[PDB]
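# Enclosed are the sequence and the experimentally obtained structure.
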Amino acid sequence: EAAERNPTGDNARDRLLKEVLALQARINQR
Amino acid sequence: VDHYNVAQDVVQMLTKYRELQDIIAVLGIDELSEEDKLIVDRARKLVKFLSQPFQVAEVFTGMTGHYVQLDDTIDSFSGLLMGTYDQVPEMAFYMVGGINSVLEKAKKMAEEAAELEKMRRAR
Amino acid sequence: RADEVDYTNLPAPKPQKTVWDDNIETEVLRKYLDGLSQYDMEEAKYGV
Amino acid sequence: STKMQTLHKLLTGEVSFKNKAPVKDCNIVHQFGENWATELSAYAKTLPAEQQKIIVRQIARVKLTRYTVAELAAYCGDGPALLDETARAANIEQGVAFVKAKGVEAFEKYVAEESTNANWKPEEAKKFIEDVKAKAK
Amino acid sequence: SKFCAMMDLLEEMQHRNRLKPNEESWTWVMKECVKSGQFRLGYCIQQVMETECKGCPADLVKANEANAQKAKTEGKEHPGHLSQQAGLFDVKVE
Amino acid sequence: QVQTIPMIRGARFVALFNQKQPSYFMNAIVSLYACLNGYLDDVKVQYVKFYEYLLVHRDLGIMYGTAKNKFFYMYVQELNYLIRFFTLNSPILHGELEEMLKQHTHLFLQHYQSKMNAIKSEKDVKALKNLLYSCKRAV
Amino acid sequence: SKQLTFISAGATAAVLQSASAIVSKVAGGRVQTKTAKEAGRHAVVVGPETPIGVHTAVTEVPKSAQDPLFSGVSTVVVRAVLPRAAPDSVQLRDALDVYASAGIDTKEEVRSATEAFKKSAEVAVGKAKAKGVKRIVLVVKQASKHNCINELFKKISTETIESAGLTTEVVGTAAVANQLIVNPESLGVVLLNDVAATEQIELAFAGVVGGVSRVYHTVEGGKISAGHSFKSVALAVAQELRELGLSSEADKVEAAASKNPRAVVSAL
Amino acid sequence: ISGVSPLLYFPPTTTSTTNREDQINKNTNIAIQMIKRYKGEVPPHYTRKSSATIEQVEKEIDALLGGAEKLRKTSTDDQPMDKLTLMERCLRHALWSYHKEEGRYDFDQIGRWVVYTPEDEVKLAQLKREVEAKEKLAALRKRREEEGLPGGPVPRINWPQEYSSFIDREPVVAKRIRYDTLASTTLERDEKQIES
C-alpha cells in the first residue's frame, strides 16, 4: 500500500515497447 | 563480465532448445512443461534475432543493412533472455539490426495488420 | 635508424584507492568514506 | 629534428598527447626532458620571426602553467609578472607560521621532507630555510 | 611471518627428518605468539604444549591472555569486515 | 533416482573441484573435510561454490553473533602450518573444526539457501546467476 | 550624495582598506562609499568568495589591461552562480545533489536551479551572438559526486543554446583549465557550471590575463564589479566610477593600476 | 612526478578557531534542516481522550497479568495459545513498541515481545549493532579527545610515496588539502537538540 502511495536512451526503448504493444492490444479490441 | 554472462546464457538456451527440439519431435509442441514452452519461444526469437542485413547486400537484396554496436548487442540479447520482449512477434527479429529495429518493425507490422482487419472486417 | 619513441605518449597516472584504518569510526562512516575514495580516484583519472 | 618539430606542434596545440592529457609544464618535462626550454629556444632561432614569437609566448604560458589553479587564483591576481614574488612571499609566510607553531627542529625535518617531495635542490632548500629563519627574527 | 617460518621448520624436523620437537622448541613458538600479539595462535600452542610437553610456561600463558583482553577492550578481537552483516544480494563476491 | 550417501558426497566433491585460481592449502583442505563429513548434504549442488566462498572469505559465525571457538577461524591464515603439522583430526584442532563447520552450515541453511529457494522474479533470478558465476570464478 | 556599495566576501582587510583609500582619494568625497553585504547596482565586491544575490559571473579580457603575454586574446568566461543562502544553511549546489541521494524531495530546488541556469545560458548566448561565435564550450566537473547538478546544467544549458541556434561542446574542468591558460585563443565563449573548482578556474583566468574585474549580473537586474587583488579591485573601482559617469577619474585609476599594481593608491 | 615544482608544499593549517562547539552547532543546523524537509510538516496535533502515564499503564498491565500467573499455562510454540497468553502478547507488544518509539531501547524485551516476523529479527539485529557502534564511536572520540587527536578519520597513507608514483603535483596537493581539512574538523553533532 505504501509503495502504491509513493509514485534517457532506455526510456525511448520503453516508450517504443509500450507504444508498439499499445497497437497490438487495440487491434485485438476492434 | 556482462558480455560473458550473456554469451553463456545464449549458448545454454540454444543447447536446451536443441534438446527440446528432440522432445517436440516425440510428443508434439504442448507436452513439455510451461517453462520449456517459454524457453522454446525465446530461443526461436534468438535464432531469428541472430540474422543481420549486411550493407554490402543493399543493391542485391534491397533492404538497408545495419551495423550493430557491441553495447546494443549485449543489451538487446540480455533483455530477450530475461523475458522483457515476450510480447513482440517472432518474425520481428528476422533480418533486423538492433533492438530498436525490432520495435520499429513491430510498429510497421501492427499498423500494417490494422489495415488488414479494417479490410477483412469490411468488404 | 628505426623508430625511437612516441613523444606524444604519456603514461596513465596509476590511481590508488585510499585505504582507511579498520575502526568503529570507519564502520560508521563506511558509506561516507567509500564515496571519498571514489571521488579521489575520479579526480586522479581526470586530473582535477 | 623530429623532437623539436613535435614539441613545436604540441605547444602550438596542433598535436595533443596520446590520452589528450593537459599540456602542462609537468607533462612537457615528462616527454621532452628537463631542459626542453633551452633546446627549443635554440631550435626556434632557425624559424621565421612569427614562429619565434609564438614559441616564446607558448613557453612563457607553459611556465605559468607550472602552478596549480588554486595558486594562480590566489597569487596571480595582480598579474603574472608579479606571481613568482607573491607566491614566494606566501610560501615564506607559511613557513614562519609553522616555525612559530611547532618549533624549529621539527620544521627543519619538515622542510627536508618537503624538499624531498618537491624535487627541490639542497641549495634552494637551505636558501629557503635560512630566509624563513631570518624573517622570524 | 616468523610463526609460519618456525612451524615449517618443525614440520621438517618431525615429518621428514624424524626428530621429535622438545619443550624448548615449542617454547620459542609460544614466545613469538606473545611477542607478535597473535593471541589466538597462542591458545593453540598452549594446548599443544600441555598435550605433548609438560604443560606450558605460566608467564607466557598470562601474557597471551593479557594481549587478548587488550584487543577485547580495543575492539580488535576479530577483523572488522567479518562482523559487517550482508545479505544474499549484498555480498560483493570478487 | 536413488541418491545414496556416496552419490551425494561425490557430486559435491566434483562441484568443489571446479577452480580457476590456485587455492590456499588451508582453504582447500577445510572445504574437502566439510564435504567428506556430510556438512554439505543439505546444500544444493549449484550453491556449493557460494557455500565455499562464505566459508573461506566471509565468516557467518562472527556475522550472526554466534561464535564460540577461540583460535580456529578461517581468517587466521597462520593455522595452515598447524593443520599441516597435526591434521584436522587431531585432538587439538578437531574439536573447534567441527564447531565452526556446524555453525557455518546451520547459518547458511537458515539464512542464504532459504532465501535462494524463494526467488521467482526474473530480475532476482538474473541477479542470483551473476552471484553464482562470480563465486565459481573466485573460490 | 551618490553611493558606492562595498561588499566583502573573503577579502583581507588590506584590500578593503586599499579600495576605500583609492575611491576617497580619486572621487574626492563627491560620492560616498558605504559598506554592505548585498547590492544590485553601483556595487563592488572584494574577495574570491561569491556574494549573495548574483546569478551570472561573466568575465572578459579588456583591451586596455591586456598583459603582453596575452595580447590579442578574446575569450569570455561566464560562470553560472546559483542563489546563495546563509553560510550555515546548505548551499543549493550541494543540496541539489545530496537530497536526491537521501531521497528528499528536490522539486523547488530543481526549479530554482533551472531558473538560474536559464538566466546564465541567456547571458552566455547573448555574449556569443555579440561576438559572433557559433559554438560555446560548457564546463562541467566530471566527479562522480557532482553527477546530478552537472546533469541538470547540461540538460538546460544545451536546451536553451540549441533553441537559440548555437552549438554546445561539453568538457571537463582539467582539460579546459589547461587550454584556457595555455591556448585561450581557441575558445570564444566558455560557460562554467556552479562548482568550487570552476570558481577557482575563473579567478585563475582573471589573474593570469594580468588582473581584471569580473562582472556579476544579479537577480534585481544590473551589473556589479568584482575584484580579488589590488590591481583587479582598482580596475573594478575604475569601471564602477565610469558607470557613475566619471571618465577622467576612471582613466587615472586604470593608468595607475597598469603602472603600479600593488600600490595604486600611492601611485595616483 | 614530472617537472620540478615552482614552490614547496606546506600544511594548509589556515584557520585555528573552528571551535568544536561552533562547528558542531553548525553541523546541528544542517541535521535539523535536512530532516524537516525529508519528513515534511509536523503532524496535526492530537488531543488525548484519557490522561495516563506510560509508567502507570505498565504498572496496571503488570498487576493485571500478575493475578493470572497461576492460571497461566505454558505450551509449545506450535500449539494454540490461551486467552492470558494472547492478552499478554498484545499488551507487551504495544508497550514495547511505544517504548522503542520513545527511545528506551531495551533490546532484551523488544526482541521477545515484538519479534514475530523474520523481518523483525532483521530490524532488531540492524538496530542492535547501530546503537553499539554509536556508543563505541562516542567513547572512541571521547578517548580521542582525551588523547587530543584530529577527530576526522585519517586515511592510512604515506604522502612521500604519493608524490613519487604520481605524475603531477596538483592532484596530490588537493588530496592532501581535503584529508588535512577533514582531520581538522570534528564530525560530531549535538545530541539533545536533535532528540527534541
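Yes, it's here. Numbering: from 1, shown residues only, chains lettered A, B, ... in the order given.
# any idea which element the one residue sitting closest to the centre of chain F lies in?
For chain F, the residue nearest the mean C-alpha position is residue F:52 (3.5 Å; CA atoms, centre = their mean). In this assignment (DSSP states H and E), residue F:52 forms part of helix F:48-56.
# what does that helix rub up against?
With CB atoms under 8 Å, 6 or more residues apart in numbering or on different chains as the test, helix F:48-56 has contacts from E:91, E:93, F:12, F:15-16, F:18, F:27, F:30-31, F:34, F:40, F:43, F:60, F:74, F:104, F:108, F:112, F:131-132, F:135-136, F:138-139. Yep, even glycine has a C-beta here, placed from its N, CA and C like the rest.
# ok, the longest helix anywhere in chain B near chain E or not?
Secondary structure of chain B per DSSP state H: the longest helix is helix B:2-27. No - using CB under 8 Å from any CB of the partner chain, helix B:2-27 stays clear of chain E, coming no nearer than 13.4 Å.
# for the residue in chain E that chain H sits nearest to, what are its contacts?
Proximity of chain E to chain H (CB to the nearest CB) peaks at residue E:75, 6.4 Å away. The contact partners of residue E:75, taken as CB under 8 Å, 6+ apart, are C:23-24, H:136.
# Kindly report the same for residue C:48.
Counting by CB under 8 Å, 6+ apart, residue C:48 makes contact with D:69, G:173-174, G:177, G:197, H:170-171, H:174.
# Those: which ones sit near chain C?
By CB under 8 Å from any CB, the members of the contacts of residue C:48 lying near chain C are D:69, G:173-174, G:177, G:197, H:170-171, H:174.
# From those residues, list the buried ones, please.
D:69, G:173-174, G:177, G:197, H:170-171, H:174 (16 or more other CB atoms under 10 Å in any protein chain shown).
# Identify all contacting residues around stretch D:75-86.
With CB under 8 Å, 6+ apart as the criterion, stretch D:75-86 contacts D:64, D:67, D:72, D:87, D:90, G:67, G:69, G:203-204, G:206-208, G:210-211, G:228-232, G:261-262, H:6.
# any idea how far chain D is from the residue nearest the centre of chain G?
Geometric centre of chain G, nearest residue: residue G:57, 2.9 Å, by CA atoms, centre = their mean. Distance of residue G:57 to chain D, computed by CB to the nearest CB, to the nearest Å: 13 Å.
# what do you get for residue H:66?
68 Å.
# and that residue, how many neighbours does it have?
10 (other CB atoms under 10 Å in any protein chain shown).
# With residue E:24 instead?
By other CB under 10 Å, neighbour count at residue E:24 equals 8.
# Can you verify it is assigned to a helix?
Yes - judged by DSSP: H, G, I helix; E, B strand; the rest coil, residue E:24 forms part of a helix.
# tell me the SS of residue G:136?
strand.
# closest to residue D:32 among the ones next to chain C among the contacts of residue C:48?
Among the ones next to chain C among the contacts of residue C:48, residue H:170 lies closest to residue D:32 (CB to CB), at 19.4 Å.
# Quick one: list the elements packing against the helix or strand harbouring that closest one.
Using DSSP H and E, residue H:170 sits in helix H:169-184. In terms of contacts (3 or more CB pairs under 8 Å, 6 or more residues apart in numbering or on different chains; DSSP states H and E), helix H:169-184 is packed against helix C:30-46, helix D:69-75, helix H:159-165.
# at 7 Å instead, please
Helix H:169-184 is packed against helix C:30-46, helix H:159-165, with contacts defined by 3 or more CB pairs under 7 Å, 6 or more residues apart in numbering or on different chains; DSSP states H and E.
# Give me whichever of the ones you listed is most buried.
With neighbours defined as mean count of other CB atoms under 10 Å in any protein chain shown, those peak in mean count at helix C:30-46, which reaches a mean of 16.
# Packing partners of it?
With contacts taken as 3+ CB pairs under 7 Å, 6+ apart, helix C:30-46 sits against helix H:169-184.
# and the helix it packs on, which residues are buried?
H:169-176, H:178-180, H:182, H:184.
# name the helices or strands packed onto the longest helix seen in chain F?
Secondary structure of chain F read by DSSP H shows that its longest helix is helix F:122-137. Counting contacts by 3+ CB pairs under 7 Å, 6+ apart, helix F:122-137 is packed against helix F:48-56.
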